[PDB]
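Below you'll find the structure, written out as structure tokens, and then a few comments.
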Amino acid sequence: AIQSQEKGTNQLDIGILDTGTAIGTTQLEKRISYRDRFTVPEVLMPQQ
Amino acid sequence: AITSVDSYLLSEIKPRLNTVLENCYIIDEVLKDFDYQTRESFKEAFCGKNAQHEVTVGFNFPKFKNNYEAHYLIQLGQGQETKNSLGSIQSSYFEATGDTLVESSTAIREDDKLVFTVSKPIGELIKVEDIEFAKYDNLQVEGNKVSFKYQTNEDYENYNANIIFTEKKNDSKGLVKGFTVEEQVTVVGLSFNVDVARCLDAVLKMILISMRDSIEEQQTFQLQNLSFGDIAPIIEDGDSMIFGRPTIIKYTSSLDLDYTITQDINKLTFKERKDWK
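Heads up: the protein sequence lines correspond to chains A and B, in order.
Under full-length UniProt numbering, think of the first position of the first sequence as 99, with each following residue one higher.
Under full-length UniProt numbering, think of the first position of the second sequence as 2, with each following residue one higher.
This is how it looks when you write it as structure tokens:
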């Protein structure tokens, strides 16, 4: 379960970057570890 | 002239960077002091014609996302005027002269002269490569052609040369008015891999050393002086940091304008007038 799915646009001398952040609640009995990666195949984001 | 150091650097760095990266043994020589694995990984990734990654060059503040794997960001800096001429006269000319040029050319026979043809009208000839003419050779320049006596030179009837010359704009008199400026541009090699940033630093220093011999910054942009910053995270709050090591390139150059003089005098005349008091 995922909440507060913010894009977090930044505009910089180097160019644009996304630093967005979200809050996730796991299932029971899981030990998520730092820099573990998630993808959400149902959800598509627009980019240019 | 008025000059733009940033656009000069972009125009000069991009082709040189491409021509080094397409040439494996150059990188193999530049990176000889790095750790073996750093060297081989860089050469595998970015170098040679088959390279799947690529480096990129551009000015700061674009509106789009860049190739943060390896990107040279060019960033126009400060400057100040440093030396002035008396009357601000940087020079004077009898014939409005353009940029300096070097062109390859071949001799041809024409009417028992040898001639070299050049793409533009020759405002001044500085050097015909590997030739010093005697008076007997009857060296003459006319329009966009250099001409050279055939009689004793028949062996050279197809000789290949480089001509160093400069354009003419027009036949007019004037004063070059202006001053010297000392100006800074910063360049940074961005990468999210620190070893790539260190290799991009090495490659950039090599490129600038090679650039010092170019006609552009021999005639203008003189006294290249380099300073180097710390390696640091340029951006720190993505999913990963982006690192870079700045370098500052400082140049001394002339800012000036062609003040043409329309006044010309072609005869004095004398008269005596009598004072009867």
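Where is the CB? At the ideal position from N, CA and C, for every residue including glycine.
The bridge partners DSSP lists for B:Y94 are B:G175. Every unbroken stretch of the alpha helix (DSSP H) spanning 4 or more residues and falling wholly within the segment 34 to 79 of chain B is given here in chain order: 37 to 47.
Counted as a single uninterrupted DSSP element, the stretch harbouring A:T117 is not any alpha helix (DSSP H), since DSSP gives it neither H nor E.
Contacts with chain B at 8 Å (Cβ-Cβ) do not include A:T137.
The DSSP-derived three-state label of A:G106 is coil. B:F244 has a beta carbon lying at 8 Å or more from every beta carbon in chain A. No Cβ-Cβ contact shorter than 8 Å links B:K178 with B:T261. Residue burial annotation: B:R40 is buried, with at least 16 other C-beta atoms found within 10 angstroms of its C-beta. Neighbours of B:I250 in chain A, taken as residues whose beta carbon is under 9 Å from its own, are absent, since the nearest beta carbon is some 18 Å off. For B:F193, the nearest beta carbon of chain A is not closer than 8 Å to its own beta carbon. Within the segment 107 to 134 of chain A, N108, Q109, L110, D111, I112, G113, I114, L115, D116, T117 and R133 place their CB atoms closer than 9 Å to a CB of chain B, listed in sequence order. Every unbroken stretch of the beta strand (DSSP E) spanning 3 or more residues and falling wholly within the segment 123 to 164 of chain B is given here in chain order: 123 to 129, 141 to 143 and 146 to 150. Contacts with chain A at 8 Å (Cβ-Cβ) do not include B:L205.
Identification of chain A residues near B:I14 by a Cβ-Cβ cut-off of 8 Å yields none; the smallest Cβ-Cβ distance measures about 17 Å. Counting the other CB atoms within 10 Å of its CB gives A:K128 a total below 16, which places it among the exposed residues. Rounded to whole angstroms, the separation of the alpha carbons of B:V116 and B:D138 is 12 Å. For B:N226, the uninterrupted beta strand (DSSP E) run begins and ends at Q223 to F229, by DSSP. For A:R129, DSSP records no beta bridge to any residue.
With a cutoff of 8 Å on beta-carbon distance, B:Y252 and B:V6 are scored as near each other.
Relative to B:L102, the option among B:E168, B:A52 and B:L176 whose CA is nearest is B:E168. In the DSSP assignment, B:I262 falls outside any alpha helix (DSSP H) and lies within the beta strand (DSSP E) extending over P247 to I262. Cβ atoms of B:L77 and B:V186 come within 8 Å of each other, at about 6 Å. For the segment 62 to 82 of chain B, the residues whose beta carbon sits under 9 Å from a beta carbon of chain A are, in order, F62, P63, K64, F65, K66, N67, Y69, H72, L74 and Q76.
The shortest CA-to-CA distance from B:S255 to any of B:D112, B:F271 and B:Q223 is the one to B:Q223. For B:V197, the uninterrupted alpha helix (DSSP H) segment begins and ends at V195 to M212.
In this structure, the CA atom of A:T124 is about 7 Å from the CA atom of A:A99. Contact between the segment 38 to 57 of chain B and the segment 112 to 119 of chain A is absent: fewer than three C-beta pairs spanning the two stretches fall below 8 Å.
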